[PDB]
Amino acid sequence: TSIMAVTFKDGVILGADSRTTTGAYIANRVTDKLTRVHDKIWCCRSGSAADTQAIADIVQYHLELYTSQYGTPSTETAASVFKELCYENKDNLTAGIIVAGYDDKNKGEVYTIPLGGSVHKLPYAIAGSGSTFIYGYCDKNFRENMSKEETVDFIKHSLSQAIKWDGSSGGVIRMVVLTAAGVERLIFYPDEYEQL
Amino acid sequence: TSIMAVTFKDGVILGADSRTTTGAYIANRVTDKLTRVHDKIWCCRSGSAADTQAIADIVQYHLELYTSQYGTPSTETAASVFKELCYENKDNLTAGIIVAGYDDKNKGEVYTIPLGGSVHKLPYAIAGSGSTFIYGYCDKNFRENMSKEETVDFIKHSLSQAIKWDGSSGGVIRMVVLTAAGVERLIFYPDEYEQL
Amino acid sequence: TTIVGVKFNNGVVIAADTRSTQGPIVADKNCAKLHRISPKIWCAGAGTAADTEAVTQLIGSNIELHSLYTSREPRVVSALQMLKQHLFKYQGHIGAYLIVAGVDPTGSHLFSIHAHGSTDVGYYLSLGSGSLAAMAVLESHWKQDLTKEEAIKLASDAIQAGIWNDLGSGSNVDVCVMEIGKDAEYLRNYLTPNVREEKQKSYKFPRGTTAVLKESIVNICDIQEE
Amino acid sequence: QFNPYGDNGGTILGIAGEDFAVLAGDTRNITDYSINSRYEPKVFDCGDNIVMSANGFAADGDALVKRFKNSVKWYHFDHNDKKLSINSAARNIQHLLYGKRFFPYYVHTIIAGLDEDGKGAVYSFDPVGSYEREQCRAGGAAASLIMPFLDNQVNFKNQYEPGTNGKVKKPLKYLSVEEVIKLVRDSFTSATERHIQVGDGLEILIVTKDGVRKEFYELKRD
Amino acid sequence: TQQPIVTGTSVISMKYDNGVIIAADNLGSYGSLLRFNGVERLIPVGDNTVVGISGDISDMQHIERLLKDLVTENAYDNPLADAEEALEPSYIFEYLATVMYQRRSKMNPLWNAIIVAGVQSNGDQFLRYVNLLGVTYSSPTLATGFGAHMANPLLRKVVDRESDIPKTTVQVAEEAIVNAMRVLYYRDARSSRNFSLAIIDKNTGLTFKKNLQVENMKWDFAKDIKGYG
Amino acid sequence: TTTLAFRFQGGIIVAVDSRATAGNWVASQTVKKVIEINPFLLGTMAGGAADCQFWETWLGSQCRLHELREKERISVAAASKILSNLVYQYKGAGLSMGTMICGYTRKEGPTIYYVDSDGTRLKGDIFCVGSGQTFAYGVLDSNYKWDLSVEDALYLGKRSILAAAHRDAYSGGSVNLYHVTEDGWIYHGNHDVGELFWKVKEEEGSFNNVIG
Amino acid sequence: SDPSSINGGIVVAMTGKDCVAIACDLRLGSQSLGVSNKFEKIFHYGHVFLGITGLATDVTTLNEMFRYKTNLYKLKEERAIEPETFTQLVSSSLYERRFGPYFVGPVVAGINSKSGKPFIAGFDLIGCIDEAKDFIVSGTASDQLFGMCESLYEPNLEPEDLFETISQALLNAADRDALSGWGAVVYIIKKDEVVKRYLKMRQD
Amino acid sequence: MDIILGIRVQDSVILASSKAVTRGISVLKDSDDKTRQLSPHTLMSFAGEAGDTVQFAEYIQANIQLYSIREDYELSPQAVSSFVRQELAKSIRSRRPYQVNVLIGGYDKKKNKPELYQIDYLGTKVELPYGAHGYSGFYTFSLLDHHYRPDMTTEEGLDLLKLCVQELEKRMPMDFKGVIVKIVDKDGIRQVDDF
Amino acid sequence: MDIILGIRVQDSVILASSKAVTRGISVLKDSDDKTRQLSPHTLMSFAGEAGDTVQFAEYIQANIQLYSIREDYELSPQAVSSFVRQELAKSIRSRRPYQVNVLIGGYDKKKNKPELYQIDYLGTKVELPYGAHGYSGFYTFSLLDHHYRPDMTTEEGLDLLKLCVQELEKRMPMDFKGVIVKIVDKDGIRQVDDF
């Protein structure tokens, strides 16, 4: 299960492979992974689906209550809440959550929280098991403040490699484009992207 | 540890790094691992240095005898003699050996012998720590019967990304160019390709 | 252990075999997998029998309480959360694995829960040792918008396949057809493959074949009033 | 780490009457709850009216038979075609299993046949090595499931005559060939339900002086 | 003691009325990493036999080489031989089994699961299984590993018993194998899109159809679901 | 398992059960735990059944070769020692043997050598080997004398097994009585222990711990 | 391995028509050492009979507990416990201690007061309802009786034809098992009369 | 080792307890009692773990004393035995086990009959004419069944006792430095000092 | 069993050797003396593990006998004890060790001298006034240090021995069932009248 989030001019586009695997068996290939914990802060999930869910459901309650009593949650602020649970449950749970958000004020922002728990703000981020293959690809093809049309194209391509060399990665690349416009879901099948 | 070979029009170009680390300490940064077993069959060594070094000496002497009595070894012949020792002793000895050698009739030939020990001819081959990092980058960029200069560049492009991602990859990119010309050394400093 | 669920427009059908085994010894030739959380939300249990039983009772009381308080039958999405949060607590020591299916006003729903609180969503699923075998039937013959008739026959088919290749799968299939806003039609023992052939030669023995030491007469009735 | 010894399930049954002996078994071959092979025989003719199945780990049993076939050839060659005795075969088999004692073979073996007297006779081998003459002995993991039936339908053990209530035991009664085949069918049919080792087919090779008869019945697949 | 390093995957096969069919995808995986995506796991010996080898690639070549020699050995002495004592699927089969069990007895097997498919000199169809522990059986339908659970049940719907063998035409059998392989690609990760197909028919010999593709992928169910959202 | 042996003036009485358990279940109640090494010697299967069988089938050969060569009857001593050597040397081969070689010569008189898988060879007047040895010993010791009459020794042998059989889980079967006389062993029938229990119950008024 | 296998011992129950049989061996041994030829395993709280296998301390502590809980019931409800109610209670109580579990296999048997049906049920270690009318078999020799009873099984027997069947099954199975022997007791409950029978067996 | 052997005769209970107390390799003292009187007709002899038995036997003594005063009625052997069984079911599930095996031979003074309970450490109570602990019972349970018949007087039991003790010292390498014999009967507790 | 004792007095070497043979928890035999006569003037007693005891003892016996006969000359006791030390020094480095403790008493006929060698299991041979092996030996080392004097006659050597015997039986929970005591002296080997 490779996952990524990549900044562009108008914001951030999250993409993700949709499989949930038990062993070499594909347990489910239409599983949902780009999961709404708040309106324009959405997150990519890797690791044990169970562990991460537990974290994500606790935080989702926090951010609603945060917004009403203490006004809008920042991406940085929200990453902090996630970071506390991760840090204390570093041994107990293995959870790798890319929490990514779009503020109209601060455009696309990416925070990666690794298994040990820490807020690390980065331009763009790659996680899951396929990240490695496309570490070298992605670095070379990093453009700043990309055109929207390209950004979609770029993610499709990166993940396309991942799926050929690692069987876990696979299924539909679902995306949520978080820009000033709102939340737009896109869906791309291997028929469209695998050839390219 | 990152090693590679890539075929092209006129033969094959062998590339390697040269930085070998023991724990965190860099034990030697200029380690040679392009080792001549034959005039135009060279091998690239990764895994345990102790073990690959022993292996390579045994094969070497074997191919000399083969040259004298039975006539010149071809790249295939060599690949078998490497395989057979690797196979019976798959467990005691750790070996990631790329046997590549150049016939004028068949241009560049590249055969990878993994730990398990089997012969697989490939248009290009990657191994060591750094190969995971570049796995997709190279497939994206692969080009068959390319110019000799493009081949030089490619090795350089891919390995710089290996150094970034892996801090045990690095030091001089040495090369053995096998074409019919002979055997030619190229040496390219970090200073050039890292900033490129 | 073979359990399948398949959606249709008018509901969801979930079926399972009732051969249950404790070790290679067939413990029971009928032991319904199928538990009741609520009269339109039924689920089947995999893993250990004791594990599924204990849990199904706990959550089925919980939903009941919730159902009264809110005077509306809760969502199938309530029941998924509820299972999940409980199991998380024991950290998966208690390993209960269910297919949870139900109908409610929101619509028709199909979910999974496992030991450590892993879930899967999907139009069609299957679970247990023979899950692999059932999934196989389901990928070839699935169709957008299965009809009631088509989905029931397909679900029972998948079970029959499971029977043959997976040997803890045998005996009669119980099917619960749960239709939106209408009483669940239990088609108990929809397919029975079984055959029983009595003993060819009678094994009844005349009386006093068996040796006796001494006999006694005892009572459990309360002692006499007088 | 490789599995040292498999298991392939199965149940066999050797019964010594007074003029016939049968060696019965299912055809169901398994590893875990998957059926490896629905049809695959296990009772093998070894010649001279001696039948053999080495039940349990199938691979160990294939080896054991494979060597025994060769020995039957050299027994006749040196001894001017002396009819290979039942006992002689038995001593031979003991000696194959004792061959590696350090990692003993994992087969529970039964040979049945006629003794030289002419009564049906069964000899049974525990894997540890030892063998002894037996009356009725089932083999395998459902050996223990089947045996009580036979000790209450033919052996008449713990049966006494009606109305004595134990004074006078109910004496052994010799059964026809047919009567035993029914008994063997019913035991196995019951076990199809109560155990997942037994099913597919019940193939019985019956050995007499009159030659070899083969008997077949289907069992269910559920 | 040999332990798995490089890995292989399921082989599906069946009997029908005039021959047999064996098929297998073309993979030589190194674990999660699908390193080699076209290492042909079906190795024909003559038209008579096609021997499907799963598990380690390393031992696939060890045995491949033993077979190469075995052809030469057979051809030595009485070379006017061509169908007499000349190789049969059973000849081949027996050899492998015996070596295999001796390898297991030195607590260091060749770590493979193998199905010999082919047609005897009699014309009879041969399907016989042997694996690393040394489990030997023949069955009208045979599959290994993942195939055992998933592509075997569909095969049985057709060739449920001995009597069904004649009814199964080589055409139904051909549909059957091809359809089944798509399913395995859908729900196993190991399985690639590329696959090879081999038909040993008594009348047409060997028809070896390479590099067929699995299409008609299901995403009609993918688009229905969006889960929690 | 319970097997016992006692020497007295009249020779030796050897008595054995017939039960053999595999796992928690009774595998058999017909394994005869008397191995006729030859007409002169009785060996017991006690301990490891298979090991005992295999190695006394072996011992038959060594006795036979001796008898041929020197043309006189083998001492009990010579045969038991030959066994002892073989078993020490191979130990660490899953061997578990425990046997009493019983024989009555005039060379030595009644002679019992207990041989053991370790390689130990121990002489005694009275040996009792088994799980149920422990029960057997109580009745055996108190009626054990050298000058015990022959007739009383026959009863004693049946009674000693009856007792063990009853308390021990791994013992039942039947009684085989054997007397090792001067000329060799003589078989004194099979007698079912199950049945003997009732006769004895009635006859002495014993078996009163037992209901009724 | 399990402490329940160290003391052995079996319980078996069968159905008849409007009559039940429930029987056991009276052997309790601790491996080699036979301790008792008279240790009961079948106990009764009124007409709902409770047969218990396994670990010996555990038997006694739980018999006393289940005594405790049905005593509360009879006074509260003001009426005799039912077979049915009792079944559900037993299971729940074995799951209470999931960890540090109970190492027993109880069998509930009875004749319903209001419905007149013969009823039997079984439980695992941590307790589940196992319905199977024909027999519920337990203990180390559970497999022996599974096969043995099913071949002999003929439905809804009269009191007298039932007595023979359960006797024959208990008798051969016991002698084919090391840990089961010494005496037997059988409760044939006709409908609510109890005839209580010690069987003669060849004790070894 | 450290035997406690019991046999129940027609009109009393006879309990034997070893003099020897061994704290490992060395016999730390070779004469010292191994039993304590719970009630004037109820006697509890003990063997098991070192020093655990010391602690347990004294706490068990007090509980019973308290009760006895309360009701002004010495607790019957029945009551005494079940009390102890109760404590042991708690103990075997305890964080730290207390594994003590007991014989409680008592005179049920409310029915005028001896009663002997065998209670092992797990806690199982059985009434029996005889029971024992250690390797005592594996040799004697059989010898006792033969020679004993319900009609046997106490005096006879004592002669048999000597013989039973004699075998044990012989066939076990252990030696118990004989036994002190305590007789629990209708009269209360009386010493038998011949042994 | 665990005890073998030796005391070298004025005019003789005295050996006392256990009669018990305990193979586990049961005393299979209570009489057999664990000794082998190597020469009429040399006695070896022995103790250790099952199986190794009998093979070794008899292997040594054979070798000394062979030696004795070949040259018609009884080898010095000094030589015999060296023999055994070497065979053991080999064993401990080999595949399979032989773990046997032995006391080698010989009366040198010619130098009219008693000589007792303590060879413990390792292959540590020392010549001492007096020795023992096993844990048993500790208890008795005090009575020998104090009461021994060179001038103890053979007869006085017996007396001290009985007192050691008594102490050993008291504080060991395992009784070694008394000793067969034999005297190795110029007369040869004789068994003490009493023991």
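Residues numbered from 1 in each chain as written, not as in the entry; some residues may be left out. Chains lettered and ligands numbered in written order. Part of a larger assembly, values for the part shown. Heavy atoms only, no water.

1. Topic: the UniProt feature "active site" in chain A
Residues and elements named next belong to chain A. In plain terms, the rule: UniProt positions are given in the numbering used here, feature names are shortened, and annotations may be inferred rather than shown by experiment. Under the DSSP-based scheme used, a helix requires at least four consecutive residues in state H or I and a strand at least two consecutive residues in state E, with every element numbered from the N terminus. When accessible area is computed with a 1.4 Å probe and restricted to protein chains, residues below 20% of their type maximum are described as buried, those above 50% as exposed, and intermediate ones as partly exposed. Pairs of residues are marked as contacts when any of their non-hydrogen atoms sit within 4.5 Å.
UniProt annotation of "active site" refers to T1 when read in the numbering used here. Within the element layout of this structure, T1 appears in the segment before β1 (3-8). Relative accessible area serves as the criterion here: at 18%, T1 is assigned to the buried category. With residues up to four places along the chain from it excluded, the contact list for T1 reads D17, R19, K33, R45, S46, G128, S129, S168 and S169.

2. Overview of the interface of chain F and chain D
Definition in use: Buried area: the accessible surface (1.4 Å probe) lost by two parts on joining, summed over both. Here, a salt bridge means any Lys or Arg side-chain nitrogen found within 4 Å of an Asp or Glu carboxyl oxygen. In the scheme used here, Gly and all other residues not listed as nonpolar or charged are polar, with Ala, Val, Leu, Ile, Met, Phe, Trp, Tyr, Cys and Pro taken as nonpolar and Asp, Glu, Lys and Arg as charged.
Listed as interface residues are 19 residues of chain F and, on the opposing side, 17 residues of chain D. Of the roughly 1,400 Å² buried at the junction of chain F and chain D (both faces included), carbon and sulfur atoms supply 50%. Among the residues of chain F in contact with chain D, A50(F), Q53(F) and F54(F) are the three that bury the most area, contributing 37% of the side total. On inspection of chain F and its partner chain D, the count reaches 1 salt bridge. A salt bridge links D51(F) to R101(D); the nearest nitrogen and oxygen atoms lie 3.4 Å apart. Mapped onto the side of chain F that touches chain D, the elements with two or more residues apiece are β4 (25-28) and α1 (49-70) of chain F. Tallying contributions element by element places α1(F) first for the side of chain F that touches chain D, with 7 residues. Residues that form the side of chain F that touches chain D fall into these classes: 10 nonpolar, 7 polar and 2 charged.

3. Let's talk about the sheet that holds strand β7 (residues 100-108) of chain H
Sheets are built from strands that pair by backbone hydrogen bonding, the pairs being arranged parallel or antiparallel. All names here are of chain H. Put simply, the test is: Only strands that DSSP links by at least two bridges are regarded as paired with each other. To obtain an axis, a line is fitted to C-alpha atoms, over the contacting stretch when the element is a helix, and the angle between two such axes runs from 0 to 180 degrees between their N-to-C directions.
Within the open sheet, the 5 strands sit side by side as β5-β6-β7-β8-β9. Their pairing is antiparallel. Of all the strands in the sheet, just β5 (35-39) and β9 (125-127) have a single pairing partner and so form its edges. The average angle at which neighbouring strand axes cross in this sheet is 25°, direction not considered. Inspection of the sheet shows strand β8 (residues 113-119) paired to β9 by 3 bridges, in the antiparallel sense. Following the sheet pairing, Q118 is matched in β9 by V126. Sheet strands touched by helix α1 (residues 52-71): β5, β6 (42-48) and β7. Its angle to β5, the strand with the most contacts, is close to 15°. Docked against the sheet, helix α2 (residues 77-92) engages β5, β6, β7, β8 and β9, running at close to 10° with respect to β8.

4. Some remarks on the packing of α1(F) against helix α2 (residues 76-90) of chain F
Residues and elements named next belong to chain F. Rule in force here: Between 65 and 115 degrees an angle is taken as roughly perpendicular, under 35 as roughly parallel, over 145 as roughly antiparallel, and anywhere else as oblique. What makes a crossing left-handed is the near helix being turned counterclockwise from the far one by less than a right angle; a clockwise turn instead makes it right-handed.
Between α1 and α2, the least distance of the axes is 10 Å, while the angle of their chain directions is 135°. In terms of their interaxial angle, α1 and α2 are classed as oblique. When you trace α1 past α2, the crossing you get is right-handed. From α1, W55, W58, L59, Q62 and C63 reach across to α2, where they touch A79, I82, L83, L86, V87 and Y90. Residues of the contact of α1 with α2, tallied by class, amount to 10 nonpolar, 1 polar and no charged.

5. A short note on the interface of chain C and chain D
To keep it simple, the criterion reads: Polar contacts, as counted here, are pairs of nitrogen or oxygen atoms within 3.5 Å of one another; within protein the pair requires one atom able to donate a hydrogen and one able to accept it, and residues that are adjacent in sequence qualify only if both atoms are side-chain atoms.
Taken together, the 33 residues of chain C in the interface contact 32 residues of chain D. Across the interface of chain C and chain D, roughly 2,700 Å² is buried in total on both sides, 51% from carbon and sulfur atoms. Here chain C is connected to chain D by 2 salt bridges. Of the charged contacts in the structure, one is a salt bridge between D222(D) and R19(C), with a shortest N-O distance of 3.5 Å. At the boundary of chain C with chain D, the tally comes to 8 residue pairs in polar contact. Taken together, the residues of the side of chain C that touches chain D break down into 14 nonpolar, 12 polar and 7 charged.

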